[PDB]
Amino acid sequence: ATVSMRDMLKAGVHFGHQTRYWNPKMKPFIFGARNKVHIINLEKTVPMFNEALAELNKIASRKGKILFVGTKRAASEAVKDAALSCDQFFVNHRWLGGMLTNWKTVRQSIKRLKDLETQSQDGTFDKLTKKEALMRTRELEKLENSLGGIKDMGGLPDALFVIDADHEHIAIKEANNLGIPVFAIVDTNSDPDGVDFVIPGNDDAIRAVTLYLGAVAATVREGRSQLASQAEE
RNA sequence: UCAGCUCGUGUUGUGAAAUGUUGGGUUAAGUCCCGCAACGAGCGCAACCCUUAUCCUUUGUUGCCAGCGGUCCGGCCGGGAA
Ligand SMILES: [K+]
Ligand SMILES: [K+]
Ligand SMILES: [Mg+2]
Ligand SMILES: [Mg+2]
Ligand SMILES: [Mg+2]
Ligand SMILES: [Mg+2]
Ligand SMILES: [Mg+2]
């Protein structure tokens, strides 16, 4: 695709963790070690990323919903920006256990967030007796921080794209439970067993994270434009 | 009158069960915040009730007497609404 080994090398995709923290299941994707730090095999990274991008493009063309999951402090704002410029949904703060498997309950929180936003736009807060308004705006802030990116999702997504599979093991487990395909960036210290589409690469570097997110956003934009509530655009 | 006791859905365990409800703080309080495979909800806590402590408005008799006028010195009388 558009991404090539050279720009991943520039970003730092090939850097992993220290050898003592590795998961032995990452041995096929590990190229070697330098200064007691693993080096991911970009020669394997590139085609796997291309295949994941193609599958994401197909999912977007079929009018599917893409959930971008990443809550690390180095990928939160990047994930939010990618999802916003891609018109898909995101979770960039702490994943609530049961967001997908207990969606019938998380829906009520989504509705409460919508109602609080409507009240804020109305102006019932200054009608309220000050302390109640402060409590309600604090609740609005908390609900926006938690479920801001899935407010308009309206149901289970058709695909998850995850940064730091190990950090988001709960989301990946829920997606495996529900049958939702998982594309994920898997570092050398992570277990790739639950991931349908593994992309070995650095998940701690802001440059690499932005590279992955930009490629995914671009490919899903093309996939969406392929249908766009029409025949072919 | 102790701050406790539970449920739904989700998740863990072959199972009895567990989690939530534990943890760091804080409170009279499972009180509240932060964290967190939990997300929410109910009965309890608190508040809504009565009374007491301050002020304002209205009303002023059988209750009151500051300014007045008398007076048998008793708000006693005419009055006054302070
Ligand atoms: K056991
Ligand atoms: K339960
Ligand atoms: Mg990493
Ligand atoms: Mg208990
Ligand atoms: Mg218990
Ligand atoms: Mg309580
Ligand atoms: Mg808790």
Side-chain angles (χ1 to χ4, degrees), chain A residues 17 21 23-26 59 64-80 83-84 88-187 189-198 203-204 206 209:
Chain A
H17 291 255
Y21 304 118
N23 192 306
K25 296 182 182 157
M26 284 315 267
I59 291 160
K65 325 185 192 160
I66 313 297
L67 180 49
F68 293 70
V69 176
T71 83
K72 245 152 66 161
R73 257 38 68 179
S76 188
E77 83 296 325
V79 154
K80 175 191 199 157
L84 275 199
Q88 296 291 353
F89 317 100
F90 66 97
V91 166
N92 65 341
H93 293 99
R94 170 187 88 101
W95 175 280
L96 303 192
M99 187 157 349
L100 307 186
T101 53
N102 196 22
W103 175 255
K104 71 157 97 44
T105 304
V106 189
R107 269 201 318 243
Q108 298 150 348
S109 273
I110 296 269
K111 157 198 307 309
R112 174 93 193 142
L113 165 69
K114 277 169 162 0
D115 289 11
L116 282 183
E117 254 173 89
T118 281
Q119 273 174 31
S120 155
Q121 282 331 288
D122 181 336
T124 324
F125 286 165
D126 65 14
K127 147 65 206 69
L128 296 155
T129 62
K130 273 304 301 303
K131 226 71 188 313
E132 186 74 12
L134 261 297
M135 294 323 111
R136 278 191 203 192
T137 194
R138 274 183 27 85
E139 187 190 6
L140 188 279
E141 232 281 349
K142 262 182 72 36
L143 287 171
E144 236 284 331
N145 227 35
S146 51
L147 315 158
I150 51 140
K151 192 166 43 206
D152 301 306
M153 185 150 104
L156 292 183
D158 305 88
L160 265 72
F161 181 83
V162 176
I163 307 295
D164 203 320
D166 252 25
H167 199 281
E168 308 297 325
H169 68 284
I170 287 183
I172 289 165
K173 201 151 136 37
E174 295 197 49
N176 294 337
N177 194 302
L178 289 175
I180 298 159
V182 175
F183 308 70
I185 307 291
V186 185
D187 221 339
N189 72 327
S190 296
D191 161 51
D193 272 21
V195 179
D196 306 78
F197 293 83
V198 173
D203 59 8
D204 294 280
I206 180 52
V209 160

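Each chain gets a letter, A, B and so on, in the order its sequence line appears, and its residues count up from 1. Reckoned from all heavy atoms, side chains included, excluding hydrogens, waters and symmetry mates.
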Please measure how far the [atom1] atom in [N] lies from the corresponding atom in [M], and state the result in whole Å.
{"N": "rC43(B)", "M": "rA37(B)", "atom1": "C1'", "value": "26 Å"}
{"N": "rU57(B)", "M": "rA82(B)", "atom1": "P", "value": "9 Å"}
{"N": "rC36(B)", "M": "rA18(B)", "atom1": "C1'", "value": "16 Å"}
{"N": "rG40(B)", "M": "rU21(B)", "atom1": "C1'", "value": "14 Å"}
{"N": "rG44(B)", "M": "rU52(B)", "atom1": "P", "value": "29 Å"}
{"N": "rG4(B)", "M": "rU31(B)", "atom1": "P", "value": "8 Å"}
{"N": "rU12(B)", "M": "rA38(B)", "atom1": "P", "value": "13 Å"}
{"N": "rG60(B)", "M": "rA81(B)", "atom1": "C1'", "value": "7 Å"}

*Which heavy atom of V182(A) sits nearest a heavy atom of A175(A), and at what distance?*
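So the two residues come closest at CG2-CB, 3.5 Å.
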Quiz item: Closest approach of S190(A) and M26(A), non-hydrogen atoms and distance?
Solution: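 Scanning both residues, the minimum pair turns out to be O-CG, 3.5 Å.
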So what's [N] doing, north or south, if we go by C1'-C2'-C3'-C4' (plus is north, minus is south)?
{"N": "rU19(B)", "result": "north"}
{"N": "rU71(B)", "result": "north"}
{"N": "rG30(B)", "result": "south"}
{"N": "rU54(B)", "result": "north"}
{"N": "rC43(B)", "result": "north"}

Which nucleotide, in any strand shown, forms a Watson-Crick or G-U wobble pair with [N], with both distances under 3.5 Å?
{"N": "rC56(B)", "value": "none"}
{"N": "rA17(B)", "value": "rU12(B)"}
{"N": "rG23(B)", "value": "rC34(B)"}
{"N": "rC5(B)", "value": "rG42(B)"}

So which one's nearest nucleotide on RNA chain B is more toward 5', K173(A) or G98(A)?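 Final value for this comparison: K173(A).
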If you find the nucleotide of RNA chain B closest to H169(A) and the one closest to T101(A), which residue's nucleotide is nearer the 5' end?
->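 Nearer the 5' end of the strand: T101(A).
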Evaluate the base stacking between [N] and its strand neighbour [M] against centres under 5.5 Å and planes under 30°, returning yes or no.
{"N": "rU62(B)", "M": "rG63(B)", "result": "no"}
{"N": "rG13(B)", "M": "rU14(B)", "result": "no"}
{"N": "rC64(B)", "M": "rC65(B)", "result": "yes"}
{"N": "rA37(B)", "M": "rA38(B)", "result": "no"}
{"N": "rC33(B)", "M": "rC34(B)", "result": "yes"}

Next on the checklist: For the nucleotides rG8(B) and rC39(B), report whether a Watson-Crick or G-U wobble pair is present, with both relevant distances below 3.5 Å.
Outcome noted: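 Verdict: paired bases.
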Please tell me whether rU51(B) and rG80(B) form a Watson-Crick or G-U wobble pair, using a cut-off of 3.5 Å on both distances.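 No, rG80(B) does not pair with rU51(B).
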query = Heavy atoms under 4.0 Å, any strand shown: does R107(A) hit a base, just sugar-phosphate, or nothing?
reply =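 Answer is nothing: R107(A) stays at 4.0 Å or more from every strand.
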How about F90(A) and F68(A): are their ring centres within less than 6.0 Å of each other?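 Ring-ring flag for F90(A)/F68(A): false, centres at least 6.0 Å apart.
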Taking [X] first and then [Y], would you say they form a salt bridge - that is, a charged N and a carboxylate O separated by under 4.0 Å?
{"X": "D122(A)", "Y": "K127(A)", "result": "no"}
{"X": "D152(A)", "Y": "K114(A)", "result": "yes"}
{"X": "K72(A)", "Y": "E168(A)", "result": "no"}

### Query
Mind checking which nucleotides bracket the chain A contacts on RNA chain B, 5' to 3', with an atom under 4.0 Å from a heavy atom?
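Contacts span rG8(B) to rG40(B), reading 5' to 3'.
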**Prompt:** For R136(A), which residues count as a salt bridge (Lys or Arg N to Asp or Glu O under 4.0 Å) partner, sequence neighbours excluded?
**Reply:**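 Per chain and number, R136(A) pairs via salt bridge (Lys or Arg N to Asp or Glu O under 4.0 Å) with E132(A).
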Worksheet entry | Qualifying residues under side chain to side chain contact (heavy atoms under 4.5 Å, CB included), relative to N177(A), sequence neighbours excluded |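 With sequence neighbours excluded, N177(A) shows a side chain to side chain contact (heavy atoms under 4.5 Å, CB included) to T101(A), given in chain and number order.
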Is there a side-chain hydrogen bond (donor to acceptor under 3.5 Å, both in side chains) between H17(A) and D204(A)? Walk through the geometry before answering. CA-CA 9 Å; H17(A) 291 255; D204(A) 294 280; 3.2 Å; yes
Taking syn as a glycosidic torsion within 90° of 0 and anything else as anti, which one is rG8(B)?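 Anti conformation for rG8(B).
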